[PDB]
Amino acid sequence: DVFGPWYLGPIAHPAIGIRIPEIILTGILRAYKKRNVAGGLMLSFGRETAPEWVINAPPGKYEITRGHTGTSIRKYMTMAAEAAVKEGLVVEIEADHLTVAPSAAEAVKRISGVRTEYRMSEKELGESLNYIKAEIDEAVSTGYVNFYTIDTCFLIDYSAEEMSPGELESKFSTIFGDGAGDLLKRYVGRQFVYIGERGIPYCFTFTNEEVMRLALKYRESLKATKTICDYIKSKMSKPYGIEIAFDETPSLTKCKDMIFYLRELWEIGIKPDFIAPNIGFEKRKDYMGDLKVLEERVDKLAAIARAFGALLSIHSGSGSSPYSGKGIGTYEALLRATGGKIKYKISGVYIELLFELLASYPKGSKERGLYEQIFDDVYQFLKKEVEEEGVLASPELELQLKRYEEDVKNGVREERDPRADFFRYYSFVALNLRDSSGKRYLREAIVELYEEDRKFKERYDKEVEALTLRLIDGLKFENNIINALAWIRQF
């Protein structure tokens, strides 16, 4: 009998963030069990979660954004694994977004519409890598981690695209030396053909200049990915897979970039199970583009990933609301483009669901009181961050704050509207705000509400399950366990 944490391989499945595992696991696992789904359970290593020593640190040691959920790597992995064992379910315990970054605040700005063009020093790279190793050590020590997503997008060198031919050629020769001709031969003068679900074969060719630019653009990303992957390999006594996070970039992923990235990974001995392109999905929003162009682009990118034994992994999966999925027609286009062979990720939407549920209670009730406390404390914390130029401060946040103030002043929006932009984007700090004795008072009060109030527990579990079911049914993950079992059987 196969149950508990298993590495599932390159097979279609949902993978779901569990920011407060105490209150979210029941409804997710109900849905997984009901639709005979093998699903992932995760938190992002650069933002949502952190090692115990970060989580348990005194107030102010670490930026609010680092492990902002209050949930350690040991905690989510252990609770998820042991919950799955108890339900007799197969799950994948995933370490999402192992992120090279100078800070969690920067990694957050990156997905909240905030331009920073920060550039990392060599010391920062070193400490970022050592933080990632420490995160990995904690995951490994649980005995339950099956899968890792690597995010080195911060290291992409966009200057390579603009270098003059003279500079390009000179830099290329210098760094690649006697390997230069070999690297060019992998690509130049070859017709690459990838056939997508539609049956359309797509042709790609490469010039020398293109390969030179791609090579310089991605060299540091590739090296760090190698270093991270080697360390994971040194520590893991069970099988695992790798996902490449390629999605937190300023523009859409280009087909040639992905062909090149996957192939260069393969040359150094790395075969990801999944790759996560930027296809124009944005956090906290339904898909805002042409569905036909979306389908065309995903059909191409999936064809390419397929030839490297990988599936697409779709990040920023949640939409404008807990009930909106990712927009009408969006799932269908993805399904046609991938034939259902797809990984799909959601996480923050469950807390947005929580807060809006609390907000829908009447003033006078303790649930609504809790909501109002959350919203007020978040608002005042962010105000203070802008005034004191704290780590989350930016003109974008300042504007959103003003816009909520004037919206209320002009009776366009109601006070404490959970749909206010600043709140949708930054409500997450609620779970890491601390009281005078160093406790995450808001995260604790949420958990107490859930654990001691049966009516609230029941209603949240029902909403959590329902949300998970909308995803599962929308993306046809029902019975996906079959292919997972077919992967596991080969070992």
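Note that residue numbering follows the sequence shown and begins at 1.
Between 200 to 208 and 272 to 280, it is 200 to 208 that carries the larger average Cα temperature factor according to the deposited entry. Higher average CA B factor: 175 to 183, of the stretches 304 to 312 and 175 to 183. Ranking 336, 256, 123, 343 by Cα temperature factor from the entry places 123 first. Per the PDB record, 407 has a higher Cα B-factor than any other of 407, 243, 138, 92. Residue 108: CA B factor lies in the highest third for its chain, per the PDB record.
Among the modelled residues of its chain, residue 317 has a C-alpha B-factor that falls in the lowest third according to the deposited record. Compared with the other modelled residues of the chain, the Cα B-factor recorded for residue 414 ranks in the highest third.
Ranked within its chain, residue 432 lands in the middle third, by CA B factor from the PDB record. Split the chain's modelled residues into thirds by C-alpha temperature factor. Residue 348 is in the lowest one.
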